[PDB]
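# Reading the structure
Listed below are the residues making up each chain.
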Amino acid sequence: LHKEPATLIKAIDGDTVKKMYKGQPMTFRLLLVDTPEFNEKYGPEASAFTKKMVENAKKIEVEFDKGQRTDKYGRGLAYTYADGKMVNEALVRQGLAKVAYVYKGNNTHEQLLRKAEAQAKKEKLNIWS
Ligand SMILES: Cc1cn([C@H]2C[C@H](OP(=O)(O)O)[C@@H](COP(=O)(O)O)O2)c(=O)[nH]c1=O
Ligand SMILES: [Ca+2]
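Cut-offs used in this document
- Residues numbered from 1 in each chain as written, not as in the entry; some residues may be left out.
- Chains lettered and ligands numbered in written order.
- Heavy atoms only, no water.
- Near = heavy atom within 4 Å.
- Polar contact = N/O pair within 3.5 Å; in protein donor to acceptor, adjacent residues only side chain to side chain.
- Areas by Shrake-Rupley, 256 points an atom, 1.4 Å probe, with all protein chains shown as cover.
- 1 Å grid on protein atoms, 1.4 Å probe; cavity = no way out; pocket = protein on both sides within 12 Å on 5 of 7 lines; lining within 4 Å.
- Sits in = over half its atoms within 2 Å of the grid points.
- Nonpolar A, V, L, I, M, F, W, Y, C, P; charged D, E, K, R; others polar.
- Core = buried A, V, L, I, M, F, W, Y, C linked by side-chain atoms within 4.5 Å.
- Buried < 20%, exposed > 50% of the residue type's maximum accessible area, 1.4 Å probe, protein only.
- Helix = DSSP H or I, 4+ residues; strand = E, 2+ residues; numbered from the N terminus.
- Contact = heavy atoms within 4.5 Å.
- Expected span 1.5 Å × (residues − 1).
- Arc of directions from axis to C-beta.

For this deposition, the record names X-ray crystallography as the technique by which the model was determined and cites 1.7500 Å as its resolution.

Written out as structure tokens, the structure is:
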């Protein structure tokens, strides 16, 4: 897998971020995670956590996995990095996302994220509290 440039356009919610990628606006849906909707418990905290992380970064990158790069809604499917730190893993490590939507061939970082979820759950963080 390879990191590619993108620039933030807008943080949308805990697991959706609009970016400019190869010069075009695209909504990205973060691989392998599920954050609560804004209207559910922890939904506002997940949205806030992703927002701060992408807005504060000097460098945003996207990393596609080995399979499909867009979902049925036209959203990009990628891992998102903010100053080299993976937002997907960070949300899971903080108990603000569950590992979810693990489809074969887009699951390179599955075990990394499950490990983060185990530790969030051991700490009883947020969703796991
Ligand atoms: C994360 C992800 C979601 N999706 C689709 C599955 C779900 O379809 P349905 O909309 O039919 O439930 C939806 C979940 O996204 P959200 O969690 O953003 O709603 O996005 C993919 O197809 N591949 C993916 O990797
Ligand atoms: Ca969601």
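## So, the site of ligand 1
Looking at ligand 1, the residues that line it are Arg29, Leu31, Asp34, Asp71, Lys72, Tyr73, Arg75, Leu77, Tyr101 and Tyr103. At a separation of 3.4 Å, an oxygen atom of ligand 1 approaches a polar side-chain atom of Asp34. Between ligand 1 and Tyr73, the relevant distance is 2.6 Å, taken from an oxygen atom to a side-chain nitrogen or oxygen of the residue. Here ligand 1, which alone exposes 550 Å², has 74% of that area covered by the protein. In a pocket analysis with a 2 Å cut-off to the grid points, ligand 1 is assigned to the largest pocket. Per-class residue counts for the shell around ligand 1 are five nonpolar, no polar and five charged.

## So, the nonpolar core
Note on soluble globular proteins: their nonpolar side chains tend to be buried together. Within the largest apolar cluster, 33 residues are counted, with the highest numbers of intra-cluster contacts made by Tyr21, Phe28, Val62, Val87, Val92 and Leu113. When contributions to this core are tallied by element, the ones reaching two or more residues are β1 (4–13), β2 (16–21), β3 (24–30), α1 (43–56), β5 (60–63), β6 (76–82), α2 (87–93) and α3 (110–122). Considering every element that reaches this core, the biggest residue donor is β6, with five residues. Each residue touching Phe28, except ones within four places of it in the same chain, is listed here: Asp15, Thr16, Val17, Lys19, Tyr21, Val62, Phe64, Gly76 and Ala78.

## Topic: α1
Given a rise of 1.5 Å per residue, 14 residues ought to cover 20 Å, and the 20 Å separating the end C-alpha atoms of α1 matches this to within 8%. All buried positions along α1 are accounted for by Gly43, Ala46, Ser47, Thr50, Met53 and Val54. Taken down its axis, α1 places every buried residue within 140° of arc, on the same side. Check the buried side of α1 and you find it contacts β1, β2, β5, β6, β7 (85–86) and α2.

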